[PDB]
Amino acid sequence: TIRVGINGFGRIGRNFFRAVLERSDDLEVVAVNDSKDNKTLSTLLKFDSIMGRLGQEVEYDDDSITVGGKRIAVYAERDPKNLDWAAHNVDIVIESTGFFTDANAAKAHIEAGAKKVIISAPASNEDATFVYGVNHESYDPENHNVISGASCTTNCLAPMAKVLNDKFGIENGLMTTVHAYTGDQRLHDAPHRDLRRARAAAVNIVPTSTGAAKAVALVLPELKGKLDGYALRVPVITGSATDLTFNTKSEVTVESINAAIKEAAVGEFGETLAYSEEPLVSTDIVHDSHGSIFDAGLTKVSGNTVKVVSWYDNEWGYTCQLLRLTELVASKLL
């Protein structure tokens, strides 16, 4: 069993904790680090607006939180430099605060005693970026020590894009992600550096930028320069879809697009990318463990222009992709 630390016990952090509890047999979260008091953290762990109640007893004191009788050490450094991950024999830290997406900052955890850092976001200066199922075979146990698991949207787009680009080739593509609102947005109209994200999230369609389509190039260099996109944030609390419109030189039909996905979506890669012909709506992919759920009912073709749609639970889907990556790191040389 490899012992894991979380820095940042927020949505993604608490998601990751639950995912380990629900899904892993060989990782154990033994310590976490957060600014806030333990009563607050343990309350948010116990009760979740999206995931429901944790199915286990939660206790806390000032040093720790105990879940189903397993004691978690909780620290509260704003500066990872002050941590001691080595005290708990922690091999992997999940960096999920959002204030260490720069790897030059994040590697403080290595200094502070960890052997690996996985940043739960697009990163700068990292050793490598992965989308599990797409380019994880290029993981280098020796040289890849501070990595990124990319973004939720990238974990949706990249798998679908790989299959279609491998089978037909993508010349150019433009994405709209119709996306659940997220914590960066406001509840009521209020100042924000992005004047659209300033507007009441739960009553508005809110357009906003995203790097997620250009970031595909990080895990699929053959697509560099070829994809771009934006997001429409809408009033659901989780659950998103990525709508990609692309040109191919191939001559293709709705049927051949769909068969390529169904063909690819099997075995291990089938845990990242699913193929569906069901009458899906967003609540049906809430708590879905795939990074990308391809909706074959939505595929359109006009000449050499193709529109495909994949779903993702931007919280849980992403988290399960990150946990898959974490299992790889844990299964190899530390």
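Numbering starts at 1 and follows the sequence shown.
Here the stretch with the larger average CA B-factor, out of 286-294 and 264-272, is 264-272. With 69-77 and 239-247 compared on mean CA B-factor from the PDB entry, the stretch scoring higher is 69-77. Residues shown: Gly183, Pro207, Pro191, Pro122. Highest C-alpha temperature factor in the entry: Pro122. Taking the PDB entry at face value, the top CA B factor among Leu157, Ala87, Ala200, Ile257 belongs to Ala87. The PDB entry assigns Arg324 a C-alpha temperature factor belonging to the lowest third of its chain's modelled residues. Annotation for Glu59: C-alpha temperature factor in the middle third relative to the rest of the modelled chain, per the entry.
In the deposited entry, the Cα temperature factor of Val30 places it in the highest third of its chain's modelled residues. Residue-level temperature factors show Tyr230 in the lowest third of its chain, judged at the C-alpha atom. Ranked within its chain, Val308 lands in the lowest third, by CA B factor from the PDB record.
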